[PDB]
């Protein structure tokens, strides 16, 4: 009847909270771990896990388990810090063809200056 959801020790860069949607419409929000009482036979209970990174982390994994049971939810974490901008592959005229286009900005080749590498 007493079901707790928790995870193994994590680095300071990861924060995880649990929302517990127990029976009888009893709901707990943003707690250190999942916690519900009762749980009738074959009656599913849902926990909403929220994971927040404080910086661009190195990939790693961790596990979530219900105390007293051998089940394991494997959680793999990856950073989402890269921008997928358009490059100049289909236009030799971009940046006057004298610099690299990086997320809207031209990084001119040596000897070239200007926001579009036009001068000098």
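Positions refer to the first chain, counted from 1.
Looking at 71-79 and 42-50 together, the entry lists the larger mean B-factor for 42-50, computed on C-alpha atoms. In this crystal structure, the stretch out of 9-17 and 106-114 whose C-alpha atoms carry the higher mean B factor is 106-114. Out of 27, 88, 58, 61, the entry records its largest CA B-factor for 27. Residue 92: CA B factor lies in the highest third for its chain, per the PDB record.
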